[PDB]
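Each remark here refers to the structure printed beneath this line.
Neighbour counts are summed over all protein chains in view; Cβ atoms, including those assigned to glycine, are modelled from backbone coordinates with ideal geometry. Values in this text are rule-based calculations from the coordinates and carry no lab data.
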Ligand SMILES: C=CC1=C(C)/C(=C/c2[nH]c(/C=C3N=C(/C=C4\NC(=O)C(C)=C4C=C)C(C)=C\3CCC(=O)O)c(CCC(=O)O)c2C)NC1=O
Ligand SMILES: *[C@@H]1O[C@H](CO)[C@@H](O[C@@H]2O[C@H](CO)[C@@H](O)[C@H](O)[C@H]2NC(C)=O)[C@H](O)[C@H]1NC(C)=O
Ligand SMILES: *[C@@H]1O[C@H](CO)[C@@H](O[C@@H]2O[C@H](CO)[C@@H](O)[C@H](O)[C@H]2NC(C)=O)[C@H](O)[C@H]1NC(C)=O
Ligand SMILES: *[C@@H]1O[C@H](CO)[C@@H](O[C@@H]2O[C@H](CO)[C@@H](O)[C@H](O)[C@H]2NC(C)=O)[C@H](O)[C@H]1NC(C)=O
Ligand SMILES: *[C@@H]1O[C@H](CO)[C@@H](O)[C@H](O)[C@H]1NC(C)=O
Ligand SMILES: *[C@@H]1O[C@H](CO)[C@@H](O)[C@H](O)[C@H]1NC(C)=O
Ligand SMILES: *[C@@H]1O[C@H](CO)[C@@H](O)[C@H](O)[C@H]1NC(C)=O
Ligand SMILES: *[C@@H]1O[C@H](CO)[C@@H](O)[C@H](O)[C@H]1NC(C)=O
Ligand SMILES: *[C@@H]1O[C@H](CO)[C@@H](O)[C@H](O)[C@H]1NC(C)=O
Ligand SMILES: *[C@@H]1O[C@H](CO)[C@@H](O)[C@H](O)[C@H]1NC(C)=O
Ligand SMILES: *[C@@H]1O[C@H](CO)[C@@H](O)[C@H](O)[C@H]1NC(C)=O
Ligand SMILES: *[C@@H]1O[C@H](CO)[C@@H](O)[C@H](O)[C@H]1NC(C)=O
Ligand SMILES: *[C@@H]1O[C@H](CO)[C@@H](O)[C@H](O)[C@H]1NC(C)=O
Ligand SMILES: *[C@@H]1O[C@H](CO)[C@@H](O)[C@H](O)[C@H]1NC(C)=O
């Protein structure tokens, strides 16, 4: 679950999905069309009164 | 021939994009700096066995190589003819001369193809260029990686993947095919299991690697997960002596255990009185029973039957009986039913196993066999392993029938009617249960495996009557009593054992282990290292033995210096001069012996103004983490499973919130000591002193001083968040500027009440008075003092514009927090024994009832990681609060006043202090008075003038050899001895050391 | 010897003795001057007069009673010897520390003798009795509990180390203020 | 057993790190207490105090 | 007097939490021991316990 964005990462033609230093699935290549999409978690955060 | 692999043959191990990451992998690889075999074969073919994978690099110009062959004995026949790829899997016939054409005029790869299994043809395609290749296979996959680059040359080159066409055969043997009509060069490497550390750049390409099981420096890099290691000692691994061989030592008995008589018996007792045969003091063969197919079920609790032949049991109990057919599974631990509670109860902790076989032949007879009886009613359940033999009728009601059969008074024993006519669900079954009990005693029953001779003074794998262990055996001196068998330690460790065969006592000790640490200078300096094998004699591994262990790679030096790297026990190592690593005993400092005498004093005639820096952490980052996003990322059923653990998460959040509030409190109590924001005047007539480097300058948008700017440039989404500090850095800068303005323009008066102006030189005179120096000393040297101060300030700038390590106290704090957080995130990638570390995968693969088991296993461990993190943060926050309280005390005492406490506000007599803000901390510039060039003088405690004794009011009586003066203690300012700077007390016959001299009187 | 080891301190006891002897020599022969800069010699009785001045007593009082004072000092020192050659409880503050650490370690070892619900506390017995698939269940049950014992031990050690650091900072402050100088702080 | 331990993550690395920090802290404590003096002073042979 | 009051509150808070954790199943069938012991026989009861 997350928000998908057009990326600028230079995936090598064999690479499929990227990962973060935190071992998080940062980016994914779409199977159908060969483009790279950055995944980011859609915004969360505490609410204080 | 041979040559060297200068860091060649590293590939992308997987199709994952990683950018600017230092990632550690562990798989088949070519070790760095290895013997890669050079071939220049002319024009059957060479045979180069597939051990685990092959590296192949050729600066091709002709490619007379024509084919790859894999198999066990020789069947994979792969051929790249430089235009297409042809794979065959057929049991080919290898020819007398295995080769093919260079075009093709031969068919000598094989004569025919029969019972073919696979075939494939790929697409058609067509010393300057080096072509590197890697061929391996993993569990069916046959992977080829490649790299084709223009130019073994040194440097670096990553290998991209290529076609994987899995087959999955047993490959023990490899050939590269030759051909028959010049020669070229091709190098053959050999992969092996290996751990690497790969450095991806911002484009995602590997640019460098570390073969970290190569040499100690690389191990250090791999433990630190960095390509650069600073000077120091790093504990990198654990050395331990491997056992050389295995020792099996069992008693000398050979009488086989009587198993036939409790299996082939014509009679088995009825279940209500199961018959218990004992087995002890014999050799039991459990393979014959398990391998026999005569048994319907053979199922074992606490043991695996296939290993039963390798165990030693103190006692065995074979309890035999017969039961009805599909009651067979009532004979099991923790089972309920009619016979499992009334007739035969096993313990929950039942070690041993159950054997059942159908017997519809000798236990069944036409007309019914009524000898096989079982109790059906009892007043209570049966305890584990108790037999109840009785015939009293069951008083189902309250009637004391006392042995008469009627209503509510039933006979408890009911008999099966066993016939061959009965079906499978009724027909009798013969059952025997073997109850062992395991090692708490000298074993009696042991398997059929044979003993062996023992060895001593060598680490081995010993096995004494099933007592397994690893260690070194030694002849002992312990006085075992003749019934005692094995000793034990205060730590409940098996210290000693008596050999079953020969009656002697052997001490067991664990063969030596211990950490191994890497002494290195900074890799920026050099790459030589030493290694310290801790607490181990190095007859077990120049070489130098010391109290900490054995140090190799470092030479011993008799000359003592100050420490550079602590080994331990008085030993430090350093990189010195050719250059090498030396190890030495620490010199505690320059030997000194001050020339004490009972009438000699030493007084300074000058001084220095020294500015030192003390850097103190004050706060740390206000992080906050919520469970139900960290533990259970937006999974509602995971949250439901979390709710039943209680209020762990509420209290974790509360603890972290308390820490976060505490940080703001720390900053408040340190910096917000001043009530009003004071401002320095536009004029800077501070008596020649120069504060331009510490006062704010309006030239910058941020109103930080020069030194604050230097300091700020010297230190650098899973439910985690970082709350901003309440006080922004500009507010901290304003507080520090206010403190500086108050200190400069008002002195210490602004800390007690309203800020009272005073010229700077006057508060300076005050402060010199405060250290026992008369104020004239300042006014007569004011310019000099100012210059010294300014110079000191300048040096501080230099010492902060060159060396970044001075701020380390702050940097470490930051690093520590970051370290913890990184760990907290990586624990989200751990299974904790579950099937996966990803919650959604578990939820998509499984249904609810087993999914929740795995999810519970994950929660138990993610929660634990959180608790660990929060506990560490609480302790670190207590440490930071201590440091902040110290900083507040220093601000109150060193800045807002003048402290007489020694070495509290710097080394020397404290004059003053300046605060400077730093990221998550504070820097005090302690200005101190340090005495300088001194002279010996003759002295005397008192002076006799007219019989009466004269003592100095403040100061000491000194003499330059002829005349006696009185001088202040911390600065040579002799004055004529007079009845005003001295006072009189008594006569001159009691003071020990008094001297004769006149005393002037106006 | 279950993976535990005790690293030697960097400073050997002889080096500590050398440091203390150096501090004593500086205090005796130079006063507090060696803590501020170069050690400036001064006769002992003169720094004694200085220190009496430091408590609001004029220095004549010393020179007119010097012998007496010396005797008292010596007598006090003698009594200290006696009070340290008879009663061992005076050192208890140190002894307790040692005991505590040892106590923890003993506990850490005895937790290796606990099943934690497994069939045995010995790993090799589990591995020899069972096949892999149930053996790993028991081994996981053991690891979960040995790891917990380690975490408990390390947390206790961290807290105790914070306490010891507080005491050491106090000791450093006392060395700086009481030895290297003369403190006006009361009962410090 | 070590393979079964590997799947609990980096608990053990951080435990070792914590104990190492304690051990270094002890030497630091001793340094800051006793190594306040810079030179090793020696008392004179005479004891006329 | 809040500095003192907070201390008291904190301790009380902890104790209250310590008691409420006696009402948690921790994945068992019940948070009450006697209910587990009355509903089940020994061999599965000890698992829940
Ligand atoms: C042997 C198996 C074999 C492999 C694995 C292989 C892979 C391979 N070789 C390539 C280029 C190429 N490959 C070759 C020939 C060779 N390169 C070699 O490693 C060898 C052994 C030869 C044959 C002697 C040439 C001439 C090019 C084009 C080079 C150019 O641009 O001029 C390419 C790039 C194709 C493209 O343009 O997209 C691939 C994928 N070619 C092969 O023949
Ligand atoms: C006290 O020390 C200062 C420096 O520490 C002396 O000042 C220096 O004097 C020399 C003359 O020999 C000059 O060349 C330097 O430029 C001076 N330095 C500064 C910073 O002014 C001073 O002379 C000394 N006083 C006595 C009485 O010896
Ligand atoms: C206070 O000291 C600073 C140096 O840190 C002086 O600034 C220098 O001033 C001279 C001329 O006076 C310039 O040539 C330099 O370029 C300045 N340096 C910097 C870094 O700014 C400043 O002048 C001094 N103040 C007084 C009143 O003399
Ligand atoms: C000790 O100090 C006295 C006091 O100044 C010195 O006596 C003076 O010496 C100078 C030159 O020697 C004469 O110009 C003065 O007239 C002397 N003053 C008096 C009052 O006699 C004496 O020389 C110094 N001695 C030593 C060894 O330094
Ligand atoms: C079929 O696959 C091709 C491959 O690129 C893709 O472009 C196309 O959109 C796909 N069509 C459908 C209907 O999935
Ligand atoms: C090849 O290996 C042997 C032993 O492993 C070694 O002695 C030899 O130096 C190696 N060859 C080269 C060229 O380094
Ligand atoms: C690789 O990194 C460099 C770094 O400046 C960049 O200029 C370039 O666009 C990146 N991509 C390629 C294909 O070189
Ligand atoms: C048989 O047992 C005796 C008992 O002491 C022992 O001395 C002897 O070595 C044993 N022999 C064999 C072959 O095990
Ligand atoms: C007697 O028992 C042994 C071992 O249980 C078995 O191998 C053998 O077959 C039995 N005898 C018969 C006649 O089945
Ligand atoms: C190391 O081994 C030697 C071998 O004789 C022995 O003498 C020595 O005591 C052992 N222990 C050390 C050097 O600490
Ligand atoms: C160092 O001192 C030892 C004394 O045991 C002596 O044997 C050795 O030769 C000395 N080495 C040097 C380089 O002076
Ligand atoms: C004081 O006298 C002693 C012994 O004569 C000498 O070693 C020392 O250097 C003298 N002091 C100075 C400052 O020269
Ligand atoms: C100590 O002082 C006395 C007289 O004050 C003197 O006789 C003696 O020589 C001095 N001590 C030394 C070591 O010179
Ligand atoms: C000091 O002078 C008195 C009388 O003037 C004399 O008795 C005494 O011996 C003298 N002492 C010294 C040390 O010169």
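Can you pull the mean other chain C-beta count within 10 Å for peptide A:35-45? Walk me through the numbers on the way to the answer.
On the way: counts 0, 1, 0, 0, 0, 1, 6, 0, 1, 6, 5.
Rounded to a whole number, the mean comes out at 2.
Between residue B:370 and residue E:8, what is the spin-label point distance in nm, taking each point 7 Å from the Cα along the Cα→C-beta axis?
Between residue B:370 and residue E:8, the simple spin-label model gives 8.3 nm.
Rounded to the nearest 10 degrees, what's the angle between the helix D:11-34 long axis and the longest principal axis of chain D, both from Cα atoms, 0 to 90?
On a 0 to 90 degree scale, this one is about 10.
Evaluate peptide C:154-160: per residue, the Cβ atoms of other protein chains within 10 Å of its Cβ; return the mean as an integer. Spell out each step's value before the answer.
Values: counts 10, 7, 0, 3, 12, 4, 1.
Across the residues of C:154-160, the mean count of other-chain Cβ atoms within 10 Å is 5.
Among rounded, prolate and oblate, which fits segment B:326-421 when a ≥ b ≥ c are the square roots of the eigenvalues of its C-alpha gyration tensor, a/c under 1.5 means rounded, and a/b larger than b/c means prolate? Can you show the working numbers first?
Values: a/c = 2.87, a/b = 1.19, b/c = 2.40.
Oblate, because a/c is 1.5 or more while a/b does not exceed b/c.
Treating each Cα of chain A as an identical point scatterer and ignoring solvent, apply the Debye formula and state log10 I(q)/I(0) at q = 0.16 Å⁻¹.
Once normalised to I(0) and log-transformed, intensities are -0.49.
Counting other C-beta atoms within 10 Å, which of B:556, B:43, B:440 has the fewest, and how do the rest follow?
B:440, B:43, B:556
As an exercise, take the mean of 1/r over every pair of distinct alpha carbons in segment C:35-114, invert it, and state the Kirkwood radius in angstroms. Don't skip to the answer; put the middle values down first.
Values: mean 1/r = 0.0574 Å⁻¹.
Radius from the Kirkwood sum: 17.4 Å.
Hey, got the average number of other protein chain Cβ atoms within 10 angstrom for residues in B:913-920? Intermediate results must be reported in sequence, preceding the final value.
Values: counts 0, 0, 0, 0, 0, 0, 0, 0.
Across B:913-920, the average partner-chain Cβ count within 10 Å equals 0.
I need the calculated FRET efficiency for the pair residue C:44 and residue B:547, taking r as the beta carbon distance and R₀ as 35 Å, to the nearest 0.05.
On the way: r = 39 Å, r/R0 = 1.10.
For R0 = 35 Å, the calculated efficiency reads 0.35.
Measuring from the lowest to the highest alpha carbon on each principal axis, how far does chain C reach, largest first, in angstroms?
90, 38, 30
Got the relative contact order for segment B:720-795 handy, in percent, Cα pairs under 8 Å and 6 or more residues apart?
Working: 36 pairs, mean separation 10.3, N = 76.
After rounding, I find 14 percent.
Based on the Cα coordinates of segment C:87-188, what is the per residue volume of their convex hull in Å³?
Details: hull volume 13.9 nm³, N = 102.
Each residue corresponds to 136 Å³ of Cα convex hull volume.
Calculate the length of the line joining the C-alpha centroid of segment D:1-32 to that of chain E, in whole Å.
32 Å
Could you tell me how many degrees, from 0 to 90 and to the nearest 10, lie between the Cα long axis of helix C:66-85 and the main elongation axis, the longest principal axis, of the Cα atoms of chain C?
It works out to around 20 degrees.
Using Cβ contacts closer than 10 Å as the measure, can you line up B:762, C:175 from fewest to most?
By the 10 Å Cβ count, ascending: B:762, C:175.
Compute the Rg to Rh ratio over chain B from the alpha carbon atoms, using the Kirkwood formula for Rh, and round to two decimal places. Display every interim value, and only then the final one.
Working: Rg = 44.2 Å, Rh = 39.6 Å.
When Rh is taken as the Kirkwood radius, the ratio is 1.12.
Given 25 °C and 0.890 mPa s, compute D for segment B:164-211 with the Stokes-Einstein relation, Rh being the Kirkwood radius over Cα pairs; round to the nearest whole µm²/s. Each step should come with its number before you reach the end.
Working: Rh = 15.9 Å.
The calculation lands on 155 µm²/s.
Take the alpha carbon atoms of segment B:114-132, find their center, do the same for segment B:699-770, and report the distance between the two centers in whole angstrom.
Cα centroid to Cα centroid, the span is 74 Å.
If you rank B:954, B:261, B:973 by fewest surrounding Cβ atoms within 10 Å, what's the result?
Working: B:954 14, B:261 10, B:973 17.
The most exposed by this proxy come first: B:261, B:954, B:973.
Please work out the Cα convex hull volume for segment B:474-514 and give it in Å³ per residue.
Expressed per residue, the convex hull around the Cα atoms of segment B:474-514 is 87 Å³.
In percent, what relative contact order does segment C:10-152 have, based on Cα pairs under 8 Å that are 6 or more apart in sequence?
Details: 67 pairs, mean separation 14.4, N = 143.
Contact order relative to length: 10 percent.
Quick one: the Cα spread of segment B:843-985 along its three principal axes, in angstroms, biggest first?
On the principal axes, segment B:843-985 reaches 111, 30, 25 Å in Cα extent.
In the calculated pair distance distribution of segment B:577-653, what percentage of Cα-Cα distances lie above 14 Å?
Details: 2417 of 2926 pairs.
Here the long-distance tail beyond 14 Å is 83 percent of all Cα pairs in segment B:577-653.
If you look at just the Cα atoms of segment C:130-179, how large are its Rg and its Dmax in Å?
Every Cα atom of segment C:130-179 included, Rg and Dmax give 21.3, 67 Å.
Measure of size requested: the Rg and Dmax of segment B:222-352, with Cα atoms as the atom set and Å as the unit; please supply both.
Final numbers for Rg and Dmax: 24.4, 81 Å.
How large are Rg and Dmax for segment B:494-634 when only the alpha carbon atoms are used, in Å?
Cα only, segment B:494-634: 26.9, 88 Å (Rg, Dmax).
Looking at chain B only, what percent of DSSP beta bridges run antiparallel? Nearest 5 please. Each step should come with its number before you reach the end.
Values: 180 of 198 bridges.
In chain B, approximately 90 percent of DSSP beta bridges are antiparallel ones.
Listed highest first by mean packing, meaning other Cβ atoms within 10 Å per residue, what order do B:477-490, C:44-57, B:837-850 come in?
Descending mean neighbour count gives C:44-57, B:837-850, B:477-490.
Could you give the Stokes-Einstein D for segment B:421-528 in µm² per second, using the C-alpha Kirkwood radius, 37 °C, 0.692 mPa s? Present the calculation step by step, with values, prior to reporting the outcome.
Details: Rh = 18.5 Å.
So the translational diffusion coefficient is about 177 µm²/s.
At what distance in angstrom do the alpha carbon centres of segment B:139-200 and segment C:137-151 lie from each other?
Answer, in whole Å: 43.
Take the Cα coordinates of segment B:451-498, assign each an equal point scatterer, and use the Debye formula without solvent to give log10 I(q)/I(0) at q = 0.17, 0.21, 0.28 Å⁻¹.
Taken in order of the listed q values, log10 I(q)/I(0) reads -0.54, -0.84, -1.35.
Using Cα atoms only, what is the angle between the long axis of helix C:44-53 and the major principal axis of chain C, expressed in degrees (0 to 90) to the nearest 10?
90 degrees
Would you mind putting B:242-254, E:8-20, B:274-286 in packing order, based on average other-beta-carbon counts within 10 Å, highest first? Numbers along the way, then the final one.
On the way: B:242-254: 14.0, E:8-20: 11.1, B:274-286: 16.9.
Order by mean packing, descending: B:274-286, B:242-254, E:8-20.
Can you give the log10 of the normalised intensity I(q)/I(0) at q = 0.21 Å⁻¹, computed with Debye over equal Cα scatterers of segment C:82-145?
Computed log10 I(q)/I(0) values: -0.82.
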